[PDB]
């Protein structure tokens, strides 16, 4: 059913801040229930209407939409706490983002994971697709680790909580149609999904690293995608190229995406090649 627990500011306490972002500031904090006994570790995201024009006193149906979703591979929303500014509350994952992870560990990661995370991310995303929830900010910074083996999609729907404002970058993940016509769809997420796997296999590389943001659309419009990561067979890189296929209706469903990476995960090294040691051995 479509609901969401509401919190009282007397139950939520912020301890220290984790960081800000596109639109919002995440805090580490606890939650003391009406038992008043022990404190539960939680993560409090604070959203505001920048302009100080509208407030978050009323609960919308969209907050209920976010608030009611639950899947093994998402960071479920524990509840909201309305007020002049919105406070989203979720579980606290000390393992940080998946991006910060593939940077402080690189290829040392099992080639089995670097495919098991492609599968996991795809299921959560497929789940959201099922219940008609568009993400609008899928990325490796926006994937969190729960088990050292298990990830979870996070920070979804959060964009449709605010009035447009293409002045604030997430564009390096946006399907081109979203960049031209603010047209966000499940298939625009699929695009964003491709750039995330790139992020992954690239062991945490910033896309379009030395380019200028305004050139990002043009070059892309000209048919230039991100290059192939140095660990991917042309099979693991072909799935990404589909994600960025200009035609929305052509891009794979997360269902498809989930299938490929699941069977590709049956033979990890056959599709991923992580240097045991420069290059070597090439006829």
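Residue numbers count along the first chain shown, from 1.
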At least a third of other PDB entries omit residue 51: yes
Across other compared entries, residue 169 missing in at least a third: yes
Where residue 149 meets residue 150 in the shown sequence, the number of deposited residues left unmodelled: none
Residue 277 to residue 278: deposited residues without atomic coordinates: 1 to 3
Of 64 to 72 and 238 to 246, the stretch whose C-alpha atoms average the higher B-factor in the entry: 238 to 246
Segment of higher mean CA temperature factor, 261 to 269 or 20 to 28: 261 to 269
210, 157, 118, 82, ranked by C-alpha B-factor: the highest one: 210
Maximum C-alpha temperature factor, selected from 44, 40, 59, 219: 219
Residue 107 - which third its CA temperature factor falls in, relative to the rest of the chain: middle
Ranked C-alpha temperature factor of residue 168 among modelled chain residues, by third: highest
Entry-reported Cα temperature factor of residue 48, expressed as the chain third it lands in: lowest
Cα B factor band for residue 141 (lowest, middle or highest third within the chain): lowest
Where the record places residue 203 (Cα B-factor, split into thirds across the chain): middle
